[PDB]
């Protein structure tokens, strides 16, 4: 039902159990979540993909759970990460964490009644948890042998000079517990994220089973990348952030206008909430027409409105 709708938009990289998941969603409204680690004082285009999916699920009658890694942001996710990561101060991260929680709120409904979104921070439980308690209660459920063969960290253990500290090596467990922890208190039976989080989701699905005996699910979204294969979220000396202070609403609207034809339509399915029909109708429209493709104009006005509202939209034109 819903999963297939997302597949139409091309926002479905993988699914742990496409049938049971599709069935559970049928039985009734479920609660899912997606994590966001503090690596800056603001999120960017890349992050906007998963976040938007949550809203998609919510409009479908589901309850989204946007979580901020106040704790995981202090260790670093090595998932398909070329090299080690910086250990930001406990204060700097806290400052960012508080900026993310507020930057995410507007994107979700926090009072729509039943499926009201909920903001969570893994620091709440990892920020006062003992080390021995962690290793014992959570670590005993992990095999180093299989932790090594996980793609997310594969290269980092085999390769020439790609190493990995014990710090980021345990990240997997942290995000793993998060799933179970959220499932235990909020009944979250689904987690979504980029294709690079598949390994972390898996661990979360497994742990939850041997911890609460609950069949949980995971759904990764494909990592968005420009047709010209040039990553995403970043352009020149400044990755397009969501904070209008780091990326002027005017500079934001311009970024979309500059979208290549080989992407514009694919981007509309990923960053807007337009029915796949009116989107394909727009493509077939720009095709037959001998005029300039108005797809970008649409794509720019849509996203700019979602991130900066009518205000920023009118600001990007003055």
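Numbering follows the first chain given and starts at 1.
Peer 1: Tell me which of 108 to 116 and 211 to 219 has the higher mean C-alpha B-factor in the deposited entry.
Peer 2: If you average the C-alpha B-factors of 108 to 116 and of 211 to 219, the larger mean comes out for 108 to 116.
Peer 1: So which stretch wins on mean C-alpha B-factor, 222 to 230 or 91 to 99?
Peer 2: The recorded data point to 222 to 230.
Peer 1: In the PDB entry, which of 275, 259, 59, 39 has its C-alpha at the highest B-factor?
Peer 2: Spelled out: the listed residue with the top C-alpha B-factor is 275.
Peer 1: Which one, 137, 178, 77, 236, has the peak C-alpha temperature factor per the PDB entry?
Peer 2: Among 137, 178, 77, 236, the highest C-alpha B-factor in the entry belongs to 236.
Peer 1: Within this chain, which third does the Cα B-factor at residue 141 fall in: lowest, middle or highest?
Peer 2: Lowest third of the chain for residue 141's C-alpha B-factor.
Peer 1: Sort the modelled residues of this chain by their C-alpha B factor and say whether residue 12 lands in the lowest, middle or highest third.
Peer 2: Residue 12: CA B-factor falls in the lowest third of its chain.
Peer 1: Could you place residue 199 in the lowest, middle or highest third of its chain by Cα temperature factor, using the values in the record?
Peer 2: Its C-alpha B-factor, which the entry lists for residue 199, ranks in the middle third among residues of this chain.
Peer 1: Considering only modelled residues of the same chain, in which third does the CA B-factor of residue 163 rank: lowest, middle or highest?
Peer 2: Highest third.
Peer 1: In terms of the CA temperature factor given in the entry, to which third of its chain does residue 50 belong: lowest, middle or highest?
Peer 2: Tercile = middle for this residue's CA B-factor.
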